[PDB]
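Residue numbers (UniProt numbering), protein chains in the order written: chain A, 30 to 58, 60 to 145; chain B, 30 to 57, 61 to 118, 124 to 143; chain C, 30 to 57, 61 to 118, 124 to 143; chain D, 30 to 58, 60 to 145.
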Ligand SMILES: [Ca+2]
Ligand SMILES: [Ca+2]
Ligand SMILES: [Ca+2]
Ligand SMILES: [Ca+2]
């Protein structure tokens, strides 16, 4: 699994469950859809892509924080958290993008490994 | 100011100086405002009360150029940052492989 | 000031007002300075250039009392925060189950 | 496993490997040693304690960031990151403490589950 996403909720002290994650890749010209999914009961999203699909490029991972907070009855500030990075440029790597969410703040970090 | 940006470096423990910041507003992204961080890591003067209407905004901080100037290989292209406005300070704390961003209303 | 503390609330998007802050210095923890956050979430006036010598300091922010006043059940007792000093701003961003803290030197 | 700790490195984009973690419990009078260990190659520390040992109380988890950064040739600011919470007060829970480290900043969050 070359691209994994893990999301935690700083208001509830829990995994962020059933949060939508969309991945786009930058096109020749615009953001083209690449892969999407929803976080699990552990806050994790595995199975986005495959080694064969995951080419070099500039990717955007957008986590739908607005829907997540609204469904919980919380007022979100950010529409979404938008993590943008160059992948695979010096060869294939495995990436984990972790995100910690609050209504008016988020943080995100990357773990990169060389398989 | 209706909108202020502050950028801090978590590796060196210093303000992030001369970092480019662009703000965009969602149209029916229209560039909306931009500048470069001061010696204090702050950017004031972006907009006015008149122009800053309710809507969806994106603040994008060119973190990649900042790290490269320092000789450090960064992960991200930029710390974007996207919110609905319904006085705002947007703060960003930068590391090579992480960032956090927060909004404060005064 | 040699030492400033700022506290922000990540749930409400506001400065954290009237939060108690205690600073301690490691002895051969001696209370060193303390106060309460202003309407801006800031605490100035903690110490002087004379008293603030190199050493190991702990800044402890009473986050539990802040959340309880708001009617929110918090995880932490306090966001402590412990560093070696060799002008410092200590910033803390608070959520019920998380905090982050950063130091900036000017 | 009622108490787990996971640590990531924001400078390197990696797990924080072989970082010392000490847990103390507040005593009747002072911090009494409770449990300690080192993070794994995945940045995780399992096996700190057992359900039988983990009683209600005020715990301090101290992560030795100073040694970790010094061994990597980086200048640390914080001596250590000191996470302090009441545990088990309304009954036993499982706790994960996650920490993201940089030289001049750290964040930490809790995931609490009711087994
Ligand atoms: Ca290439
Ligand atoms: Ca309106
Ligand atoms: Ca000295
Ligand atoms: Ca009890």
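A virtual CB, placed ideally from N, CA and C, is assigned to each residue, including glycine.
Identify every residue that forms a DSSP beta bridge with residue 127 of chain C.
Locating residue 127 of chain C in the third chain gives position 90, where the first residue counts as 1. Answer is C/34 and C/140.
So, does the CB of residue 44 of chain A fall closer than 8 angstroms to a CB anywhere in chain G?
No chain G appears in the structure shown, which is made up of the protein chains A, B, C and D.
So, with DSSP's three-state summary, where would you put residue 101 of chain A?
For the purposes of this step, residue 101 of chain A is identified with residue 71 of the first chain, where counting begins at 1. Shown here, residue 101 of chain A sits in a helix according to DSSP, grouped into three states.
Would residue 113 of chain C count as contacting chain A if we go by Cβ distances under 8 angstroms?
Taking the first residue of the third chain as position 1, residue 113 of chain C is located at position 81. So no, residue 113 of chain C is outside the interface.
Is the closest heavy atom of ligand 6 to the C-beta of residue 118 of chain C under 7 angstroms?
Only ligand 1, ligand 2, ligand 3 and ligand 4 can be found as ligands here, which leaves ligand 6 out of the picture.
For residue 77 of chain A versus residue 37 of chain A, is the C-beta distance shorter than 8 angstroms?
Taking the first residue of the first chain as 1, we reach residue 77 of chain A at position 47. Taking the first residue of the first chain as 1, we reach residue 37 of chain A at position 8. Against a cut-off of 8 angstroms, the Cβ pair of residue 37 of chain A and residue 77 of chain A comes out as no contact.
For residue 86 of chain B and residue 80 of chain B, what's the separation of their Cα atoms in angstroms?
Locating residue 86 of chain B in the second chain gives position 54, where the first residue counts as 1. Locating residue 80 of chain B in the second chain gives position 48, where the first residue counts as 1. If I take the Cα positions, the gap works out to 13 angstroms.
DSSP-derived helix/strand/coil call for residue 55 of chain D:
Counting from 1 along the fourth chain, the entry for residue 55 of chain D is found at position 26. The answer is strand: DSSP assigns residue 55 of chain D an E or B state.
Give the DSSP bridge partners of residue 61 of chain A, in chain order.
Your numbering for residue 61 of chain A matches position 31 in the first chain. The partner list for residue 61 of chain A (beta bridge, DSSP) reads A/55.
Contact with chain B by residue 126 of chain A, beta-carbon distance below 8 angstroms:
Locating residue 126 of chain A in the first chain gives position 96, counting from the first residue. No, residue 126 of chain A lies away from the interface with chain B (no Cβ there is under 8 angstroms from its Cβ).
Just to confirm before moving on: does the CB-CB distance between residue 64 of chain C and residue 52 of chain C stay below 8 angstroms?
Numbered from 1 along the third chain, position 32 holds the residue referred to as residue 64 of chain C. Numbered from 1 along the third chain, position 23 holds the residue referred to as residue 52 of chain C. Pairing residue 64 of chain C with residue 52 of chain C gives a Cβ-Cβ distance under 8 angstroms.
Simplified DSSP assignment, three categories, for residue 79 of chain B
Sequence index remark: in the second chain, residue 79 of chain B carries index 47 (1-based). Residue state, collapsed to three classes: coil.
What separation, rounded to the nearest whole angstrom, lies between the Cα atoms of residue 66 of chain C and residue 137 of chain C?
Taking the third chain and counting its residues from 1, one reaches residue 66 of chain C at position 34. Taking the third chain and counting its residues from 1, one reaches residue 137 of chain C at position 100. Each residue's alpha carbon lies about 20 angstroms from the other.
Any heavy atom of ligand 2 closer than 7 angstroms to the beta-carbon of residue 71 of chain B?
Sequence index remark: in the second chain, residue 71 of chain B carries index 39 (1-based). No, the Cβ of residue 71 of chain B stays beyond 7 angstroms of every heavy atom of ligand 2.
Under three-state DSSP, which class holds residue 116 of chain C?
Residue numbering aside, residue 116 of chain C sits at position 84 when the third chain is read from its first letter. When DSSP states are grouped into helix, strand and coil, residue 116 of chain C belongs to the strand group.
Is the stretch 102-110 of chain C touching the stretch 93-105 of chain D, taking contact as three or more C-beta pairs under 8 angstroms?
Short answer: they don't touch.
If you draw a straight line from the C-alpha of residue 115 of chain A to the C-alpha of residue 123 of chain A, how long is it?
By one-based count along the first chain, residue 115 of chain A stands at place 85. By one-based count along the first chain, residue 123 of chain A stands at place 93. So the two alpha carbons sit approximately 13 angstroms from each other.
Alpha carbon to alpha carbon, how far is residue 106 of chain D from residue 55 of chain C?
In the fourth chain, residue 106 of chain D corresponds to position 76, counting from 1. In the third chain, residue 55 of chain C corresponds to position 26, counting from 1. Approximately 17 angstroms between the Cα atoms of the pair.
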